[PDB]
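Quick notes on the structure that follows.
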There are 2 protein chains.
Amino acid sequence: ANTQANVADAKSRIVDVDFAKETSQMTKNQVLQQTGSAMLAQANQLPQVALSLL
Amino acid sequence: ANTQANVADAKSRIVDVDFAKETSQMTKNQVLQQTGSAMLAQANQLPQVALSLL
């Protein structure tokens with residue numbers, strides 16, 4: 001029983017996820033998605049300077 | 001019999017836990033867990049000021 005407890009602890013250190021870290025990464029990538037979407041939508045409007053010159 | 005009683009007293013002073021102290025430590029760490037959880041959840045929302053500037 002002792003050894004089972006210690007070995008399950010050891011395995012958990014390797015296999016399981018950390019919620020405190022992974023939620024932070026998720027929120028960071030959410031914000032980056034919104035920023036990149038805005039920036040790409042603004043980037044697709046660059047060829048319209050030619051209509052002004054034309 | 002006398003010596004057994006006195007030596008068991010001596011060992012108890014070293015090995016056994018104090019409930020009055022240990023319950024207090026437990027309650028303190030409970031409250032700190034709830035506070036730290038709230039503070040981390042509030043901390044993961046900081047990159048959203050950029051969306052306002054954007």
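Naming works like this for the structure tokens: A, B, ... for the chains as they're shown, residue 1 at the start of each chain, ligands 1 onward in shown order.
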Inset, instruction - Identify all chain A residues at most 7 Å from chain B by counting only C-alpha atoms; ligands do not count. Present them as a PyMOL selection string. - result: chain A and resi 24+27-28+31+35
Output as a PDB file with N, CA and C atoms, in the first residue's frame all residues of chain B that backbone DSSP marks as alpha helix (DSSP H).
```
ATOM      1  N   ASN B   2       6.046   1.969  36.594  1.00  0.00           N
ATOM      2  CA  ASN B   2       6.358   3.398  36.684  1.00  0.00           C
ATOM      3  C   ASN B   2       7.166   3.876  35.481  1.00  0.00           C
ATOM      4  N   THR B   3       8.264   3.182  35.182  1.00  0.00           N
ATOM      5  CA  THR B   3       9.163   3.654  34.135  1.00  0.00           C
ATOM      6  C   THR B   3       8.498   3.608  32.769  1.00  0.00           C
ATOM      7  N   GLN B   4       7.676   2.592  32.519  1.00  0.00           N
ATOM      8  CA  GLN B   4       6.946   2.530  31.261  1.00  0.00           C
ATOM      9  C   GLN B   4       6.043   3.740  31.083  1.00  0.00           C
ATOM     10  N   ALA B   5       5.297   4.113  32.129  1.00  0.00           N
ATOM     11  CA  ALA B   5       4.458   5.308  32.029  1.00  0.00           C
ATOM     12  C   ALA B   5       5.278   6.557  31.705  1.00  0.00           C
ATOM     13  N   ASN B   6       6.381   6.774  32.431  1.00  0.00           N
ATOM     14  CA  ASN B   6       7.167   7.990  32.203  1.00  0.00           C
ATOM     15  C   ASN B   6       7.813   8.011  30.817  1.00  0.00           C
ATOM     16  N   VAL B   7       8.276   6.861  30.326  1.00  0.00           N
ATOM     17  CA  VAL B   7       8.920   6.828  29.016  1.00  0.00           C
ATOM     18  C   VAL B   7       7.904   6.994  27.892  1.00  0.00           C
ATOM     19  N   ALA B   8       6.691   6.460  28.055  1.00  0.00           N
ATOM     20  CA  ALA B   8       5.661   6.681  27.044  1.00  0.00           C
ATOM     21  C   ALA B   8       5.248   8.146  26.985  1.00  0.00           C
ATOM     22  N   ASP B   9       5.158   8.808  28.145  1.00  0.00           N
ATOM     23  CA  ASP B   9       4.988  10.262  28.163  1.00  0.00           C
ATOM     24  C   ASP B   9       6.088  10.972  27.379  1.00  0.00           C
ATOM     25  N   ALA B  10       7.345  10.613  27.651  1.00  0.00           N
ATOM     26  CA  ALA B  10       8.474  11.228  26.961  1.00  0.00           C
ATOM     27  C   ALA B  10       8.379  11.051  25.450  1.00  0.00           C
ATOM     28  N   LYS B  11       8.027   9.846  24.991  1.00  0.00           N
ATOM     29  CA  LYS B  11       7.925   9.595  23.553  1.00  0.00           C
ATOM     30  C   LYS B  11       6.774  10.364  22.926  1.00  0.00           C
ATOM     31  N   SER B  12       5.649  10.454  23.635  1.00  0.00           N
ATOM     32  CA  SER B  12       4.509  11.201  23.127  1.00  0.00           C
ATOM     33  C   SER B  12       4.859  12.664  22.919  1.00  0.00           C
ATOM     34  N   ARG B  13       5.676  13.237  23.810  1.00  0.00           N
ATOM     35  CA  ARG B  13       6.090  14.630  23.624  1.00  0.00           C
ATOM     36  C   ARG B  13       6.843  14.841  22.317  1.00  0.00           C
ATOM     37  N   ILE B  14       7.453  13.798  21.765  1.00  0.00           N
ATOM     38  CA  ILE B  14       8.262  13.942  20.557  1.00  0.00           C
ATOM     39  C   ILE B  14       7.486  13.567  19.299  1.00  0.00           C
ATOM     40  N   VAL B  15       6.674  12.515  19.340  1.00  0.00           N
ATOM     41  CA  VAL B  15       6.152  11.904  18.121  1.00  0.00           C
ATOM     42  C   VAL B  15       4.747  12.394  17.779  1.00  0.00           C
ATOM     43  N   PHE B  19      -3.363  18.771  18.155  1.00  0.00           N
ATOM     44  CA  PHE B  19      -4.559  19.055  17.369  1.00  0.00           C
ATOM     45  C   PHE B  19      -4.908  20.539  17.382  1.00  0.00           C
ATOM     46  N   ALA B  20      -4.732  21.201  18.530  1.00  0.00           N
ATOM     47  CA  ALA B  20      -5.075  22.614  18.647  1.00  0.00           C
ATOM     48  C   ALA B  20      -4.262  23.475  17.691  1.00  0.00           C
ATOM     49  N   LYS B  21      -3.005  23.108  17.460  1.00  0.00           N
ATOM     50  CA  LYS B  21      -2.145  23.869  16.563  1.00  0.00           C
ATOM     51  C   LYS B  21      -2.385  23.489  15.109  1.00  0.00           C
ATOM     52  N   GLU B  22      -2.618  22.205  14.863  1.00  0.00           N
ATOM     53  CA  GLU B  22      -2.625  21.713  13.497  1.00  0.00           C
ATOM     54  C   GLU B  22      -3.932  22.077  12.803  1.00  0.00           C
ATOM     55  N   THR B  23      -5.041  22.106  13.550  1.00  0.00           N
ATOM     56  CA  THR B  23      -6.303  22.564  12.972  1.00  0.00           C
ATOM     57  C   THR B  23      -6.244  24.040  12.588  1.00  0.00           C
ATOM     58  N   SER B  24      -5.552  24.850  13.387  1.00  0.00           N
ATOM     59  CA  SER B  24      -5.386  26.258  13.056  1.00  0.00           C
ATOM     60  C   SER B  24      -4.583  26.435  11.778  1.00  0.00           C
ATOM     61  N   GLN B  25      -3.480  25.695  11.649  1.00  0.00           N
ATOM     62  CA  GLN B  25      -2.717  25.761  10.406  1.00  0.00           C
ATOM     63  C   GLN B  25      -3.554  25.326   9.206  1.00  0.00           C
ATOM     64  N   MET B  26      -4.377  24.290   9.380  1.00  0.00           N
ATOM     65  CA  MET B  26      -5.212  23.828   8.278  1.00  0.00           C
ATOM     66  C   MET B  26      -6.177  24.914   7.814  1.00  0.00           C
ATOM     67  N   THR B  27      -6.855  25.575   8.756  1.00  0.00           N
ATOM     68  CA  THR B  27      -7.808  26.617   8.376  1.00  0.00           C
ATOM     69  C   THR B  27      -7.119  27.798   7.696  1.00  0.00           C
ATOM     70  N   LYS B  28      -5.939  28.182   8.188  1.00  0.00           N
ATOM     71  CA  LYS B  28      -5.198  29.255   7.532  1.00  0.00           C
ATOM     72  C   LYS B  28      -4.888  28.911   6.079  1.00  0.00           C
ATOM     73  N   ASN B  29      -4.421  27.687   5.822  1.00  0.00           N
ATOM     74  CA  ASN B  29      -4.074  27.338   4.444  1.00  0.00           C
ATOM     75  C   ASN B  29      -5.306  27.197   3.555  1.00  0.00           C
ATOM     76  N   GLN B  30      -6.443  26.788   4.119  1.00  0.00           N
ATOM     77  CA  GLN B  30      -7.697  26.800   3.367  1.00  0.00           C
ATOM     78  C   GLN B  30      -8.026  28.200   2.851  1.00  0.00           C
ATOM     79  N   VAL B  31      -8.020  29.186   3.753  1.00  0.00           N
ATOM     80  CA  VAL B  31      -8.336  30.550   3.331  1.00  0.00           C
ATOM     81  C   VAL B  31      -7.333  31.044   2.296  1.00  0.00           C
ATOM     82  N   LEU B  32      -6.047  30.744   2.492  1.00  0.00           N
ATOM     83  CA  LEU B  32      -5.057  31.189   1.516  1.00  0.00           C
ATOM     84  C   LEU B  32      -5.270  30.544   0.156  1.00  0.00           C
ATOM     85  N   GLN B  33      -5.718  29.287   0.126  1.00  0.00           N
ATOM     86  CA  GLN B  33      -6.015  28.656  -1.155  1.00  0.00           C
ATOM     87  C   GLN B  33      -7.126  29.386  -1.889  1.00  0.00           C
ATOM     88  N   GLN B  34      -8.205  29.723  -1.181  1.00  0.00           N
ATOM     89  CA  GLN B  34      -9.302  30.425  -1.850  1.00  0.00           C
ATOM     90  C   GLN B  34      -8.864  31.798  -2.358  1.00  0.00           C
ATOM     91  N   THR B  35      -8.078  32.522  -1.557  1.00  0.00           N
ATOM     92  CA  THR B  35      -7.596  33.834  -1.985  1.00  0.00           C
ATOM     93  C   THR B  35      -6.665  33.729  -3.190  1.00  0.00           C
ATOM     94  N   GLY B  36      -5.746  32.763  -3.172  1.00  0.00           N
ATOM     95  CA  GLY B  36      -4.817  32.624  -4.280  1.00  0.00           C
ATOM     96  C   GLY B  36      -5.496  32.184  -5.562  1.00  0.00           C
ATOM     97  N   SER B  37      -6.515  31.330  -5.445  1.00  0.00           N
ATOM     98  CA  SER B  37      -7.305  30.959  -6.612  1.00  0.00           C
ATOM     99  C   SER B  37      -7.983  32.177  -7.228  1.00  0.00           C
ATOM    100  N   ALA B  38      -8.656  32.983  -6.399  1.00  0.00           N
ATOM    101  CA  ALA B  38      -9.285  34.200  -6.908  1.00  0.00           C
ATOM    102  C   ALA B  38      -8.270  35.119  -7.577  1.00  0.00           C
ATOM    103  N   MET B  39      -7.089  35.258  -6.977  1.00  0.00           N
ATOM    104  CA  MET B  39      -6.115  36.212  -7.489  1.00  0.00           C
ATOM    105  C   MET B  39      -5.506  35.729  -8.801  1.00  0.00           C
ATOM    106  N   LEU B  40      -5.300  34.418  -8.942  1.00  0.00           N
ATOM    107  CA  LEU B  40      -4.789  33.885 -10.202  1.00  0.00           C
ATOM    108  C   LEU B  40      -5.828  33.990 -11.315  1.00  0.00           C
ATOM    109  N   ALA B  41      -7.096  33.729 -10.994  1.00  0.00           N
ATOM    110  CA  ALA B  41      -8.144  33.884 -11.996  1.00  0.00           C
ATOM    111  C   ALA B  41      -8.251  35.330 -12.458  1.00  0.00           C
ATOM    112  N   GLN B  42      -8.056  36.283 -11.545  1.00  0.00           N
ATOM    113  CA  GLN B  42      -8.058  37.686 -11.949  1.00  0.00           C
ATOM    114  C   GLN B  42      -6.788  38.059 -12.704  1.00  0.00           C
ATOM    115  N   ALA B  43      -5.683  37.359 -12.438  1.00  0.00           N
ATOM    116  CA  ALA B  43      -4.426  37.679 -13.105  1.00  0.00           C
ATOM    117  C   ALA B  43      -4.414  37.221 -14.553  1.00  0.00           C
ATOM    118  N   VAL B  49      -6.250  44.216 -22.155  1.00  0.00           N
ATOM    119  CA  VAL B  49      -6.195  45.660 -22.367  1.00  0.00           C
ATOM    120  C   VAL B  49      -5.784  45.963 -23.800  1.00  0.00           C
ATOM    121  N   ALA B  50      -5.019  45.054 -24.409  1.00  0.00           N
ATOM    122  CA  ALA B  50      -4.575  45.246 -25.780  1.00  0.00           C
ATOM    123  C   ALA B  50      -5.748  45.284 -26.744  1.00  0.00           C
ATOM    124  N   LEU B  51      -6.755  44.437 -26.525  1.00  0.00           N
ATOM    125  CA  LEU B  51      -7.947  44.464 -27.367  1.00  0.00           C
ATOM    126  C   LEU B  51      -8.644  45.815 -27.289  1.00  0.00           C
ATOM    127  N   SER B  52      -8.594  46.462 -26.125  1.00  0.00           N
ATOM    128  CA  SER B  52      -9.134  47.809 -26.011  1.00  0.00           C
ATOM    129  C   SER B  52      -8.312  48.800 -26.821  1.00  0.00           C
ATOM    130  N   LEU B  53      -6.983  48.713 -26.736  1.00  0.00           N
ATOM    131  CA  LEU B  53      -6.164  49.621 -27.539  1.00  0.00           C
ATOM    132  C   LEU B  53      -6.292  49.320 -29.026  1.00  0.00           C
TER     133      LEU B  53
END
```
